[PDB]
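Residue numbers (the entry's author numbering), protein chains in the order written: chain A, 294 to 295, 303 to 366; chain B, 98 to 145; chain C, 46 to 101, 120 to 220; chain D, 15 to 389. Quick reminder that beta carbons are idealized off the backbone N, C-alpha and C, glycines included.
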Amino acid sequence: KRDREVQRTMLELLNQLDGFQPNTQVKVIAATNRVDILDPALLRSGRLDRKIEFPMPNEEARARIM
Amino acid sequence: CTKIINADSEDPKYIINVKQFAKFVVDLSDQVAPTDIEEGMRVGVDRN
Amino acid sequence: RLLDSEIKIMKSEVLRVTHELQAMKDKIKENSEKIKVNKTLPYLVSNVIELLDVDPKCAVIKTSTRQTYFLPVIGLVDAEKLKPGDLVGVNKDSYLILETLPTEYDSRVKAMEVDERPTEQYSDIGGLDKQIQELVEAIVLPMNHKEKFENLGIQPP
Amino acid sequence: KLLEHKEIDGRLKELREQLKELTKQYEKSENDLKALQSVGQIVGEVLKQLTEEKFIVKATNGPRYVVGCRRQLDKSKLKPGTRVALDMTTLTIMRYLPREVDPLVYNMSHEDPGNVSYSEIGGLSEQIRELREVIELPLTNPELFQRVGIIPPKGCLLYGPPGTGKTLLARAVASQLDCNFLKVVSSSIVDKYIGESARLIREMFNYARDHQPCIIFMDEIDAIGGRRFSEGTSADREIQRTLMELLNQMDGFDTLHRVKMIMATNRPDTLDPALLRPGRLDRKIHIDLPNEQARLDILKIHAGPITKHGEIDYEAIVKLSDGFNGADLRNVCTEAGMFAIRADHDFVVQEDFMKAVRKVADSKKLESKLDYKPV
Ligand SMILES: Nc1ncnc2c1ncn2[C@@H]1O[C@H](COP(=O)(O)OP(=O)(O)OP(=O)(O)O)[C@@H](O)[C@H]1O
Ligand SMILES: [Mg+2]
């Protein structure tokens with residue numbers, strides 16, 4: 294969330317993600333275990349259109365896993 | 098080393114970075130095969 | 046009568062122009078060979094700066128050896144092929160540009176790309192069919208189709 | 015009897031074409047060979063002038079060389095600070111050049127934002143109208159304020175939560191206005207070489223001054239605009255150095271002529287009070303979350319191109335769209351289209367939009383819109 305060096309790199313990251321002439325044909329996938337640290341603008345709908353929640357495996361899901 | 102050109106694949110040309118000194122486009126000595134060089138590779142070069 | 050008189054000129058002109066073409070080709074061969082042997086292969090890569098207009120084909124160069132140079136003539140590369148900030152290989156002594164080069168980005172970024180191409184199939188992922196379908200339709204469909212979106216008109220995620 | 019005549023005439027014409035092509039090859043060869051024998055020239059910036067034949071040049075990042083003008087250069091043009099080229103042999107000046115360097119500024123100018131009309135933004139009429147009063151009217155019609163008497167503000171800042179259209183508004187301004195426009199990512203103007211970022215700020219301001227009228231846009235200004243640390247690493251040192259450089263550039267003693275400036279930030283609080291001082295950033299523009307009417311407007315904007323099927327009730331979507339930032343509604347349209355894709359349909363209906371709204375409202379719980387502060 295918003303040591304200013306990591307902040308500046310992160311800001312460069314969101315500006316690359318948004319982008320003048322946005323995104324051309326470049327798709328981005330991100331994986332985290334702790335959303336609460338991400339917060340202010342990285343989770344913005346523009347930069348990350350889809351938030352996909354991974355729950356603990358279901359019982360039938362666990363059976364398929366094994 | 099960096100980004101083998103390989104435009105004509107005969108003498109593929111090699112860009113190197115003599116760190117603290119300069120960057121260059123160079124070839125290989127005839128002793129070392131191109132298959133012996135990958136990207137980066139920390140390669141040593143002659144002085145001339 | 047006719048068609049029998051012009052025969053001398055129409056072929057003699059062709060043969061003489063062919064000989065002229067042969068000599069002209071020889072001159073081109075000599076020039077090309079001298080230029081090629083002139084193309085030494087250290088090139089001291091350098092970044093391109095503003096292409097200032099000519100005034101009585121001018122480029123300003125920042126070298127990899129942290130020096131700036133002005134070129135009255137670019138060299139063996141076309142002017143508009145250059146884009147300030149571009150990377151060119153120049154003469155190690157006269158600093159004339161004789162190359163066009165791929166940009167190169169960084170060692171980290173080149174190590175960043177995937178060449179192994181791992182081999183996990185969606186079948187090995189279990190119990191996430193909602194999530195797998197979500198990610199697949201979010202990413203792969205713009206990669207493959209790109210016509211469903213334009214037909215609907217939406218900007219793909 | 016056309017066979018021999020016309021066939022051999024065509025042969026001669028074809029051979030003439032091959033000759034002109036080959037002579038074009040030779041012209042290229044001789045021209046580049048003549049260009050080959052030339053040599054480059056060192057570049058450096060003429061300092062104080064001693065006599066009409068003695069000059070002082072700092073050869074860029076090299077030393078300071080006493081040199082003399084060649085023969086033809088108008089000595090008047092060789093002003094203290096102008097950029098000249100020197101022979102690498104005798105070091106004599108032989109041509110003054112356009113002022114300075116740095117293709118970084120070139121990229122930050124030739125950035126292409128795309129065509130974005132003000133109509134493509136929705137629900138910001140007051141702010142959009144406000145910006146044109148400080149960004150467009152002064153440079154288009156300066157003579158107006160002469161009679162008003164009030165001097166024009168030079169910089170003004172856009173602040174608001176993520177996803178309300180700040181960068182979009184900047185893109186629109188860049189696209190529609192006919193003037194020189196600089197686009198800044200506040201991160202990339204921060205380089206590791208000692209004292210290079212302040213130099214870059216200086217050169218970009220110089221480029222703006224030389225190319226008047228000019229617009230500077232600094233997105234995420236909080237990257238360097240942060241409050242000045244009392245102590246820190248080289249990071250704090252050089253970042254505050256660059257901040258004070260930018261300050262001297264815009265604050266005063268230089269009284270920027272046509273250097274109207276725009277910046278945006280998601281965190282206006284962290285900005286140093288020196289920036290937020292009115293003399294630099296006179297018109298602070300708050301770009302709030304879109305209102306329900308504004309939400310309907312932007313929804314109409316982004317749902318427009320969609321090949322809908324049947325009626326669309328934007329009002330219900332607005333009703334369920336509580337607290338959505340502007341970017342969210344674009345995500346709403348995208349998700350409705352994606353639901354239509356899932357149904358394999360070639361059209362989108364109201365229920366697709368409704369499902370999209372529910373889906374992004376669920377995601378809305380993730381982006382914790384904190385106790386957010388203005389400047
Ligand atoms: N009022 C609006 N009208 C139209 N589209 C809007 C509006 N507000 C937001 N949007 C949409 O949301 C995005 C606007 O976000 P933009 O990239 O301009 O920056 P931001 O979210 O304001 O902040 P930053 O880029 O500084 O993090 C665009 O994709 C645009 O289509
Ligand atoms: Mg922005």
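Residues bridged to D/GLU31 (per DSSP): BP columns for D/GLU31 are empty, so no partner.
Candidates C/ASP192, C/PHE212, C/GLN196: closest to A/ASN358 by CA position: C/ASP192
Contact under 9 Å by Cβ, D/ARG309 with D/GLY76: no
D/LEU384 versus A/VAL326 - alpha carbon distance: 30 Å
CA nearest to the CA of D/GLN307, picked from D/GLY337, D/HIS323, D/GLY324, D/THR279: D/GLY337
C/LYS173: contacting residues in chain B (beta-carbon distance under 9 Å): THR99, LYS100, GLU136, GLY137
Rounded distance between the beta-carbons of D/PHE231 and D/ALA186, thought under 8 Å: Not quite, the Cβ-Cβ distance comes to about 11 Å (not below 8 Å), so this is no contact.
Beta-carbon proximity check, D/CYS170 vs D/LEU196, cutoff 9 Å: no
Buried or exposed by the 16-neighbour rule on C-beta atoms within 10 Å, applied to D/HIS316: buried
Minimum Cβ-Cβ distance from A/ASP336 to chain C less than 9 Å: no
Cβ-based burial, D/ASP360 [other Cβ within 10 Å; buried from 16]: exposed
Test item: CB-CB of C/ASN92 and C/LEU150 under 9 Å: yes
Extent of the continuous beta strand (DSSP E) run through C/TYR132: 131-134
Contacts that A/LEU311 makes with chain D (C-beta to C-beta distance below 7 Å): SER200, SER201, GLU234, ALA237
Host beta strand (DSSP E) of A/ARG364 (start-end): A/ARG364 -> not in any beta strand (DSSP E); alpha helix (DSSP H) instead, spanning 359-365.
Per-residue burial, D/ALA357 [other beta carbons within 10 Å of its own, 16 or more giving buried]: exposed
Min CB distance C/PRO205 to chain A below 9 Å: yes
Identified DSSP bridge partners for D/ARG297: DSSP, once it has assigned bridges, lists no residue as partnering D/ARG297.
Nearest-angstrom Cα separation, counted from A/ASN315 out to D/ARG372: 28 Å
Proximity test, Cβ basis, 9 Å: C/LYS155 and chain B: yes
Closer than 7 Å: residues whose CB approaches a heavy atom of ligand 2: A/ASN315, A/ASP318, D/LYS180, D/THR181, D/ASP233, D/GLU234, D/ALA278
CB-CB length for D/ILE235 against D/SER200, believed under 8 Å: 5 Å
Cutoff 9 Å: D/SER382 Cβ touching any chain A Cβ: yes
Whole-Å CB distance - D/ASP126 paired with A/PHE320, under 8 Å assumed: 7 Å
Burial state of D/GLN190, where buried means 16 or more other Cβ atoms lie within 10 Å: exposed
Proximity winner among C/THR131, C/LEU198, C/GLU176, C/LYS120, relative to residue 3 of chain C (alpha-carbon distances): Outside the modelled stretch of chain C, which goes from 46 to 220, sits residue 3 of chain C, for which no answer is possible.
C-beta neighbour in chain D for C/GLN130, strict 9 Å: yes
Heavy atom of ligand 1 within 8 Å of D/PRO176 beta-carbon: yes
Contact set between C/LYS209 and chain D, taken where Cβ atoms lie within less than 8 Å: Per Cβ cutoff of 8 Å: no residues; C/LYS209 is ~12 Å from chain D at best.
Buried versus exposed, by CB contacts within 10 Å (16 or more), D/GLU329: exposed
Where C/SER127 meets chain B, residues with beta-carbon distance less than 7 Å: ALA119, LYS120
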